[PDB]
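Here's the structure, in structure tokens; my notes come after.
Don't worry about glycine lacking a Cβ; one is built from the backbone with ideal geometry, like all the others, and counts go over all protein chains shown. All of this is worked out from the model, or read from it or from the source named; none is laboratory data.
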Amino acid sequence: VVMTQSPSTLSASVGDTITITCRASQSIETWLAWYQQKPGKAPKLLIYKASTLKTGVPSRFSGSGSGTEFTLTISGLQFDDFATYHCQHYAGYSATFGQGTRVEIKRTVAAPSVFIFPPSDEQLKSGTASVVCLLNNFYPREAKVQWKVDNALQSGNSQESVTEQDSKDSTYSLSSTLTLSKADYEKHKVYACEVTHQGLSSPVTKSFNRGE
Amino acid sequence: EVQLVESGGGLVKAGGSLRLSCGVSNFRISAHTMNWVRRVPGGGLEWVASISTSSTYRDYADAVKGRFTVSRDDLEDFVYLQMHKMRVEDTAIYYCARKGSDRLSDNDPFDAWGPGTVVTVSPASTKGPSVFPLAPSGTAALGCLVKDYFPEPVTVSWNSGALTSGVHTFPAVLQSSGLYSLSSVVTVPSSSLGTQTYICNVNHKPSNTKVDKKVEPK
Ligand SMILES: OC[C@H]1O[C@H](O[C@H]2[C@@H](O)[C@H](O)[C@@H](CO)O[C@@H]2O)[C@@H](O)[C@@H](O)[C@@H]1O
């Protein structure tokens, strides 16, 4: 059996009614459980046998469905409910889980502040050049960072890292690192990071020319 | 309340062996089928292995079959997961979980879990980080690039803790070389770039490395 959860990410506010779906590849009758998990913490059982609420769980949590379609509803979301939710098909001696759904805090759209950083002279002696692009305090999490070297699009030579949603302002920050060999870096002149996000009406490009 | 504690996690070389253990508080394991589950970096859950009461049945996921062995000691209330021929793809948080409900039936959910233990499978050895500056070009930013270290974690502070506002330490990225890399940044006013001093303080406890790096415009 293959469990598919939708959506992968859900944005919500306190008091909202939210729904998470679990679709099974084949019928599993009502052999389904829902769990809540907070980062770095143990999963907690909420609902089993598709719709039975575990003793002690708040009544705002409800489970429904059978066969191949299942739903977890949170009627009147509370601050303590922002977490990842997992569905599970459980059998006598085995289990399978969906991919998880993260419920995050909704806030107003905020454009990122963009900064570019050239590699240090010290790093070049190691044989590699790291160019860093920083996207600061933005919302929602979705953003696109495009690297351009001599006006040409780069692909596969960059990695991104995103902070957890900020506990104070509910925003995200992102770092994108473009890694090039010393030979490739010194071969080109203009290095640019082009950012697109819902908060922007025009793309933001930050650049530098190697050797100033 | 019922508690489950996983132990034995840590670092393993690719192809090596490691044994996890799970102990409990406030209950006996004898009447329970016990399970191992892992959280993959995505972060979904994956069922690994189950051991029925009296060790009659031991079931394993296809990804671990023949490499993993689950065992239990009902007298002392401990469950084990012996892992052999470990692959980089076994890197995860491993949890032990009890199959149960208020009234025990033939098919119950996982009613109690441990907080998990980190297992990191890697061909890399203890390597101190390289620390490079991220130099500034109304509001400006500066930072430190903490590259090619092993294993996780690394701590980063600014001006020995004096500067906390606008600080962002990013989660580490695993590079192709099998070494970690991370950046820590701070937003500061453009006017303070030539006037104020900005020092990043890096700490990597596994190699006992402490680095102080002054960040200035180039
Ligand atoms: O994995 C099936 C089942 O195993 C354990 O319960 C066993 C036994 O202790 C119970 O008395 C009977 C009652 O039906 O069932 C099994 O033989 C528990 O882990 C239980 O939650 C689980 O479903």
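Worth a mention:
- Strands (runs of 3 or more DSSP E) contained entirely in segment B:65-131, each with at least 1 residues that are away from the ligand (no atom under 16 Å from the Cβ): B:68-73, B:78-83, B:92-99, B:117-121
- Only residues that are under 24 Å from residue B:32 (Cα atoms) and out of contact with any strand residue (DSSP E or B) (no Cβ under 9 Å at 6 or more places or on another chain) were counted across segment A:68-91, and they come to 1.
- For segment B:19-64, a residue qualifies if it is assigned to a strand (DSSP E or B) and among the hydroxyl-bearing types (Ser, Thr, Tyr), and the qualifying residues are B:21, B:25, B:50, B:60.
- Scanning segment B:136-157 for residues that are under 17 Å from residue B:195 (Cα atoms) and assigned to a strand (DSSP E or B) returns B:139, B:140, B:141, B:142, B:143.
- Index of the failed condition, residue A:86 passing every other in (1) surrounded by 21 or more Cβ atoms within 10 Å (Cβ to Cβ); (2) out of contact with any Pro (no Cβ under 9 Å at 6 or more places or on another chain); (3) within 21 Å of residue B:114 (Cα to Cα); (4) of a type outside the set (S, T, N, Q): (2)
- Among the candidates B:148, B:212, residue that is farther than 30 Å from residue B:8 by Cβ and of a type in the set (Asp, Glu): B:212
- Residue B:58 being more than 11 Å from chain A (Cβ to nearest Cβ), closer than 30 Å to residue B:103 by Cβ and either among the acidic types (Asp, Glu) or within 16 Å of the ligand (Cβ to nearest atom) (or both): no
- Some residue of segment B:136-149 being of a type in the set (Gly, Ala, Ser), in the same structural domain as residue B:184 (by CATH) and either surrounded by 19 or more Cβ atoms within 10 Å (Cβ to Cβ) or closer than 24 Å to residue A:54 by Cα (or both): yes
- Output for segment B:36-55, where each listed residue is facing another protein chain (nearest Cβ under 7 Å) and within 10 Å of residue B:95 (Cβ to Cβ): B:45
- Search result, residues across segment A:4-41 that are over 20 Å from the mean Cα position of the chain (by Cα) and crowded, with 19+ Cβ neighbours inside 10 Å: A:24, A:28, A:31, A:32, A:33, A:34
- Test for residue B:90: is it among the acidic types (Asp, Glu), buried (at least 18 other Cβ atoms within 10 Å of the Cβ) and within 14 Å of another protein chain (Cβ to nearest Cβ): no
Residues checked against (1) assigned by CATH to the domain that holds residue A:7; (2) at positive phi:
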{"site": "A:47", "(1), (2)": "yes, no"}
{"site": "A:53", "(1), (2)": "yes, no"}
{"site": "A:56", "(1), (2)": "yes, yes"}
{"site": "A:88", "(1), (2)": "yes, no"}
{"site": "A:94", "(1), (2)": "yes, no"}
{"site": "A:125", "(1), (2)": "no, no"}
{"site": "A:154", "(1), (2)": "no, no"}
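- Qualifying residue in segment B:41-53 (condition: hydrophobic (A, V, I, L, M, F, W, C), in contact with a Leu (Cβ under 8 Å, 6 or more places away or on another chain), under 20 Å from residue A:90 (Cβ atoms) and surrounded by 13 or more Cβ atoms within 10 Å (Cβ to Cβ)): yes
- Each residue in segment B:28-48 was checked for being away from the ligand (no atom under 11 Å from the Cβ) and touching a strand residue (DSSP E or B) at 6+ places or on another chain (Cβ under 8 Å), and 12 of them qualify.
- Subset of segment B:116-134 (residues that are surrounded by fewer than 17 Cβ atoms within 10 Å (Cβ to Cβ) and either within 8 Å of chain A (Cβ to nearest Cβ) or farther than 18 Å from residue B:204 by Cβ (or both)): B:123
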